[PDB]
């Protein structure tokens, strides 16, 4: 928990994190599935409590390289969690409507309301990742955006939002295996685009981008967690453990009316 939490010291180095690391769990895959089922049951109960109390706002931000485990995390971690209090907001290629306003406009629109848990499948961070790597704006523009994000997230947290930002960390070789597996799976072949290859060629620039973004935006109010995502079982257990510990820390109570 404390080991994977990026301290707000601005001394973060992504090389200090191994995507194949599983040191926080002992028993291996079979034991982790059992432990995950226990955390998932607790998560279902915690969400019902969040919805009932209707005061806190929970924002889960998911960021990863293509095939890093974004969709898998949503699927497995939030499995069985009530759709009435859980919402997924995906952020893709901005439209002309979205580009006509500031980059935060489309994002701020999707923020969770009181008693709601919202998952961001990609986020406002894409405006300091893809736009940096592909040079969609000059440094003089995207460099100022780290301060914007820190301050947008401070405002959200001050106004009652609990912000959990997860970087699902995979290796270059793991991305290759997963992209090939997606291509060879007939039920997953539809997810693949030609543009995914150009992001594979820019792997190093994207790693430099994530390191810069995490170093700049992991705060006390909105912390970043580096999740070793090479082994899905560990990724699913660790994301669930961190989320459950956070929600348990809010000390939420059922309202008692008159």
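Positions refer to the first chain, counted from 1. For clarity, a rigid core is taken as the largest C-alpha set superposing within 1.5 Å between two forms.
Chemist: For a rigid core alignment of each structure in 4 other deposited structures of this protein onto the shown form, which stretch has the higher root mean square Cα deviation: 169-177 or 74-82?
Modeler: With the rigid core superposed, the C-alphas that lie farther in 4 other deposited structures of this protein are those of 74-82.
Chemist: Given a rigid core fit, name the stretch, 196-204 or 56-64, whose C-alphas are on average farther from the form shown here in 4 other deposited structures of this protein.
Modeler: Once the cores are fitted, 196-204 deviates more in 4 other deposited structures of this protein.
Chemist: At least a third of the other compared entries: do they leave residue 255 without coordinates?
Modeler: It is not, since residue 255 is included in all of the other entries that model both flanking stretches.
Chemist: On average, are the C-alpha B-factors higher in 189-197 or in 209-217?
Modeler: Higher of the two, by average CA B-factor, is 189-197.
Chemist: For the higher mean C-alpha B factor in the entry, choose 127-135 or 159-167.
Modeler: Higher of the two, by average CA B-factor, is 127-135.
Chemist: Looking at 141, 100, 179, 104, which has the biggest Cα B factor in the entry?
Modeler: Among 141, 100, 179, 104, the highest C-alpha B-factor in the entry belongs to 179.
Chemist: By the CA temperature factor listed in this entry, which of these ranks top: 40, 55, 30, 63?
Modeler: Highest C-alpha B-factor among the listed residues goes to 30.
Chemist: Place residue 118 in the lowest, middle or highest third of its chain's C-alpha B-factors, as listed in the PDB entry.
Modeler: Its C-alpha B-factor, which the entry lists for residue 118, ranks in the lowest third among residues of this chain.
Chemist: Pull the Cα B-factor of residue 86 out of the PDB entry and bin it into the chain's lowest, middle or highest third.
Modeler: Tercile = lowest for this residue's CA B-factor.
Chemist: Taking only the Cα B-factors deposited for this chain, tell me whether residue 93 sits in the lowest, middle or highest third.
Modeler: For residue 93, whose C-alpha B-factor we compare with every modelled residue in the chain, the answer is the middle third.
Chemist: Among all modelled residues of this chain, ranked by Cα B factor, put residue 243 in the bottom, middle or top third, i.e. lowest, middle or highest.
Modeler: Answer is lowest: the recorded C-alpha B-factor places it there.
Chemist: Could you look up the Cα B-factor of residue 59 in the entry and say which third of the chain it sits in: lowest, middle or highest?
Modeler: Lowest third of the chain for residue 59's C-alpha B-factor.
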